[PDB]
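One chain comes next, on its own, written out as structure tokens in the form deposited in one PDB entry.
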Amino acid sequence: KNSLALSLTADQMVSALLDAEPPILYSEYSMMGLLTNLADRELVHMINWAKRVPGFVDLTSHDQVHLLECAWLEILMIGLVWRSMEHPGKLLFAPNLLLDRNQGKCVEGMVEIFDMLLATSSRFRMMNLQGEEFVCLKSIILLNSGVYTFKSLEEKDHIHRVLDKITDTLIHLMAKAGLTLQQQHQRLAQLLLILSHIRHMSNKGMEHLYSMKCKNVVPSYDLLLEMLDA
């Protein structure tokens, strides 16, 4: 790759990811109905956001779709946890759809995943997660989630090199904030280990979508391919 993405400084990588951030959307107004409509509107923004993640458009269309297929629900979930950080005990699906755990029990099948999302929001709060760190983590999910389940060798190499640039960026942010070398490596590990919990929540979420008879609302390969080209 002749890629500009691999020439970016930590400051340029953060600036690109901050400028690509989607807005917070409102619910339009059935809990599953509201959430499905919100997710569908978020997906359109997510496609346009992914195209602005440095290195993402260097991939084939097929590899872009594979990464989005694997990451879309993890990306929605980390957004939700980020929006909810400053509302302890609550999930801010949207500014006009803020649910506490009491309302999560009233809706069958909600509460187990609700509780996992609340624990993630609490962990982000306890770590004082910064916006610059959040955008790095969301980009890692996009590039990392599908990379182990793929020209192909060159594509995987390029993804790992962009992932290395995002690591460098996270470490730069922490060094600039005044963290010791030891604190830098410890916080990097703490952030990346939360990604294992977001993967778990995404898998449980998919299983719950299936059990609610909502197989239809998962974006297909073909849907993502058409949205990328459109």
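Residues that one form lacks are left out of the comparison. Residue indices: 1-based, along the sequence shown. Superpose the two forms; the largest set of C-alphas matching within 1.5 Å is the rigid core.
- The deposited sequence places 4 to 9 unmodelled residues between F150 and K151.
- The segment from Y29 to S30 is interrupted, since 4 to 9 residues of the deposited sequence in that interval carry no coordinates.
- Set 34-42 against 159-167 and average the Cα temperature factors; 34-42 ends up higher.
- Per the PDB record, of the two stretches 214-222 and 8-16, 214-222 carries the greater mean B-factor over its C-alpha atoms.
- Listed residues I140, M127, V81, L98 were ranked by CA B-factor as deposited; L98 comes out on top.
- Per the deposited coordinates, the residue with the largest Cα temperature factor out of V107, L117, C136, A71 is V107.
- Per the PDB record, residue ranking by Cα B-factor puts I75 in the lowest third of the chain.
- Annotation for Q64: CA B-factor lies in the middle third of the chain's modelled residues.
- Annotation for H172: CA B-factor lies in the middle third of the chain's modelled residues.
FYI, the form deposited in another entry isn't displayed, but the following is about it.
- Once the core is superposed between this form and the one not shown, every option in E108, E112, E86, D157 stays below 2 Å in C-alpha shift except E108.
- Annotation for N216: C-alpha shift of 2 angstroms or more between this form and the one not shown, rigid core superposed.
- Whereas the displayed form keeps them at a certain spacing, the CA atoms of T120 and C214 lie at least 3 angstroms farther apart in that other deposited form.
- Fitting the two forms on their rigid core shows CA movement of 2 Å or more between this form and the one not shown over runs of at least three residues at 105-108, 211-217.
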